[PDB]
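Below you'll find only one chain, the form solved without the DNA, shown as C-alpha cells.
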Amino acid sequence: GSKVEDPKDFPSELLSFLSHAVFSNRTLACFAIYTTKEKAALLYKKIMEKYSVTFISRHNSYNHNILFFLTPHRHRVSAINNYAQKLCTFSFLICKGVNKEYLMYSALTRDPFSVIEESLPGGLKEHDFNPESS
C-alpha cells in the first residue's frame, strides 16, 4: 500500500530465463542474487574471493539491485543458497541460480535494468560463459 512493495522474487522481466529452484539436483556455477543494494554491496566484495566470481556486477532493477556473480568450481544452488541466505538478518533476500547467464545479464543491462559496477571489463561474454562453438 504505499511503501516500496518488497519483492518476494525476481521480476517477470528477468523471469524469462531463470532456475526457479533452490534444492535442484543439478550443480550450477552461476548465480544471480537479488536483494537490497546494501546487501549486494557486502556480497559483492565477499563472494569476490569466496567463489572466484567469474564476473560480479551490481545492477539496479526497480527497488533493489541484482548482484550477479558467476563461479569457477561447481556448486548446487542449495549450497550457494546457504551463503546468500545467511545474509538475511538486515533486510529481505532473494538469491537464486541462473541457467542462461549471458541472456540474464543482457536483459539486465537494457532498461529498465541499469548497471552500477562489475568486475568484468565489459560485462560477461564468450570469455566468461562456455560458448564452445556448439
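Residue numbers run from 1 along the displayed sequence.
Here the subject shifts to the form deposited with the DNA bound, a form of this protein not shown in this document.
Taking 4.5 angstroms as the heavy atom distance cut-off, pick the stretch from 26 to 34, 104 to 112, 40 to 48, 62 to 70 that is near the DNA in the bound PDB entry.
Result for this chain: 26 to 34.
Even though the partner isn't displayed, in the bound PDB entry is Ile116 close enough to the DNA, meaning a heavy atom within 4.5 Å?
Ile116: no contact with the DNA in the bound PDB entry.
Taking the DNA as it sits in the bound PDB entry, is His75 in contact with it (heavy atom to heavy atom, 4.5 Å or less)?
Contact with the DNA, yes.
Any chance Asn82 has a heavy atom within 4.5 Å of the DNA in the bound PDB entry?
Output for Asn82 is yes: heavy atoms within 4.5 Å of the DNA.
Is it the case that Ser52, even though its partner is missing from this view, gets within 4.5 Å of the DNA in the bound PDB entry, heavy atoms only?
Heavy-atom contact with the DNA at 4.5 Å: absent for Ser52.
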